[PDB]
Asker: 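Attaching a single structure in C-alpha cells format; questions to follow.
Chain identifiers are assigned alphabetically (A, B, ...) following the order of the sequence lines, protein sequences preceding nucleic acid strands; residue numbering begins at 1 within each chain.
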Amino acid sequence: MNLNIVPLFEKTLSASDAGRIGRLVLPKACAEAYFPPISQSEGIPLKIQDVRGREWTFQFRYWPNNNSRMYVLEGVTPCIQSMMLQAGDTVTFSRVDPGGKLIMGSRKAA
DNA sequence: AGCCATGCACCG
DNA sequence: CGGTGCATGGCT
C-alpha cells in the first residue's frame, strides 16, 4: 500500500495555548481517538515531525478534571514560535499510513 | 453533562 | 515565588 497523508484533527490555538506556559490543550475526543492510549497522568513522550523535517518532542499527558480528563501537549513553545503561530492560528495533526507516523503543520488565521 | 479556556494553590 | 497540577467557571 502506497504512503498516504491522512488528516486527524486540528486545534485553533487559544491565548493559553500560544503563550508563555508552553502547554497546548488537545480536544479530548481527538486525543483519545487518534493518539496512543495513556493510563497514567504522567503520559508519554510524543514525537511529531513537520513538513520541514523538524522532529518535535512533546510530553503527551493528561490532567484529572473532576472525574474526567483534560489532555495536553507540554513543551510546545519551541514549536509554536519556530512556526510564528499566535492565538487564533490553527495547528493540524495528521498521520502517514501505513505506519501511523504522526505529522503536523499549521496555518495563520484568515 | 461536561468540554475546555484559564484561574490559582501550593510545592519545591 | 514561579510553574505544576489540578480547580473553577464560561459556555454549549
Side-chain angles (χ1 to χ4, degrees), chain A residues 1-19 21-110:
Chain A
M1 185 71 168
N2 288 320
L3 301 187
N4 184 49
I5 293 174
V6 163
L8 305 174
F9 64 96
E10 36 189 43
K11 179 71 191 294
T12 299
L13 300 171
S14 71
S16 300
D17 297 333
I21 306 292
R23 319 191 277 207
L24 176 153
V25 174
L26 298 168
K28 180 184 175 229
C30 299
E32 286 177 337
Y34 298 120
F35 279 0
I38 53 177
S39 298
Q40 298 285 136
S41 154
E42 308 80 282
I44 56 177
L46 200 55
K47 284 174 171 177
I48 307 179
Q49 190 172 43
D50 62 30
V51 79
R52 299 182 71 179
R54 296 171 293 192
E55 201 165 281
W56 305 92
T57 53
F58 307 119
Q59 188 72 6
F60 169 56
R61 62 174 311 173
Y62 64 83
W63 302 326
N65 189 259
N66 300 117
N67 295 296
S68 185
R69 302 169 178 189
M70 299 186 47
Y71 288 89
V72 304
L73 295 180
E74 296 180 337
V76 300
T77 295
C79 187
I80 270 71
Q81 50 199 29
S82 273
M83 303 189 180
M84 301 171 283
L85 300 176
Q86 316 178 32
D89 291 342
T90 301
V91 172
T92 47
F93 295 96
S94 310
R95 201 214 277 149
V96 180
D97 285 329
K101 181 200 173 55
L102 294 174
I103 61 179
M104 72 183 289
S106 66
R107 65 192 181 264
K108 304 291 281 159

Asker: Ignoring hydrogens and angles, write down the donor-acceptor pairs under 3.5 Å from the side chains of residues 39-46 of chain A, residues two or more places apart or on other chains.
Answerer:
unit_1	atom_1	unit_2	atom_2	d
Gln40(A)	NE2	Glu42(A)	OE2	3.4

Asker: Heavy-atom distance under 4.5 Å between the side chains of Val72(A) and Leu26(A), does that happen here?
Answerer: no
Asker: Side-chain contact, heavy-atom cut-off 4.5 Å: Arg61(A) with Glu74(A)?
Answerer: yes
Asker: Check the pair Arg54(A) / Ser82(A) against side-chain contact (heavy atoms from CB on, under 4.5 Å), numbers first and verdict last.
Answerer: CA-CA 10 Å; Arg54(A) 296 171 293 192; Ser82(A) 273; 3.6 Å; yes
Asker: Would you say a side-chain N or O of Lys11(A) is under 4.0 Å from OP1 or OP2 of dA5(B)?
Answerer: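 Yes.
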Asker: Stepwise, does the side-chain contact (heavy atoms from CB on, under 4.5 Å) test hold for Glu32(A) with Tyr62(A)?
Answerer: CA-CA 11 Å; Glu32(A) 286 177 337; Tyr62(A) 64 83; over 6 Å; no
Asker: To the nearest angstrom, how far is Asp17(A) atom CG from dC3(B) atom P?
Answerer: 17 Å
Asker: Once you round it to whole Å, what is the distance between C1' of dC4(B) and OH of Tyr71(A)?
Answerer: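 In whole Å, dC4(B) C1' and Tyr71(A) OH are 14 Å from each other.
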Asker: Let me know the distance between CG of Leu13(A) and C1' of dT6(B), rounded to the nearest Å.
Answerer: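 Value for this atom pair: 15 Å.
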Asker: Give the table of side-chain donor-acceptor pairs shorter than 3.5 Å for residues 84-105 of chain A, with sequence neighbours excluded, one pair per line with atom names and distance.
Answerer:
unit_1	atom_1	unit_2	atom_2	d
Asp89(A)	OD1	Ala109(A)	N	2.9
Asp89(A)	OD2	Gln86(A)	N	2.8
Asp89(A)	OD2	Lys108(A)	NZ	2.6
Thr92(A)	OG1	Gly105(A)	O	3.0
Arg95(A)	NH1	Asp97(A)	OD2	2.7
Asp97(A)	OD1	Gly100(A)	N	3.2
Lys101(A)	NZ	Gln49(A)	OE1	3.3

Asker: Using the ring centroid of each side chain, check whether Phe35(A) and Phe9(A) are separated by less than 6.0 Å.
Answerer: yes
Asker: Is there a donor-acceptor pair closer than 3.5 Å between any side-chain N or O of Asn65(A) and the backbone N or O of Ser68(A)?
Answerer: no
Asker: Report yes or no: does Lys11(A) contribute a side-chain atom to a donor-acceptor pair with the main-chain N or O of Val25(A) at less than 3.5 Å?
Answerer: yes
Asker: Grab the NZ-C1' distance between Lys28(A) and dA1(B) for me, whole Å please.
Answerer: 11 Å
Asker: Looking at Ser16(A), does any N or O in its side chain come under 4.0 Å of the phosphate oxygens OP1/OP2 on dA5(B)?
Answerer: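 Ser16(A) to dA5(B) OP1/OP2: no side-chain N or O under 4.0 Å.
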Asker: Atom CG of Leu24(A) to atom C1' of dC4(B): distance rounded to whole Å?
Answerer: 12 Å
Asker: Taking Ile80(A) as the starting point, is it possible to reach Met83(A) by hopping between hydrophobic residues whose side chains are less than 4.5 Å apart?
Answerer: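 Per the 4.5 Å side-chain linkage, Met83(A) and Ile80(A) are co-clustered.
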Asker: What does the B/S/- profile of nucleotides 5-12 of chain C look like, 5' to 3', with a 4.0 Å heavy-atom cutoff to protein?
Answerer: BBBB----
Asker: What N/O pairs connect the protein and nucleotides 9-12 of chain B at under 3.5 Å? Give each pair on its own line.
Answerer:
none

Asker: What residues, two or more places apart in sequence or in another chain, satisfy salt bridge (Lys or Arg N to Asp or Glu O under 4.0 Å) together with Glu10(A)?
Answerer: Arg107(A)
Asker: Within residues 29-40 of chain A, find the residues that approach DNA chain B with a heavy atom at under 4.0 Å, and present them sorted by residue number.
Answerer: none
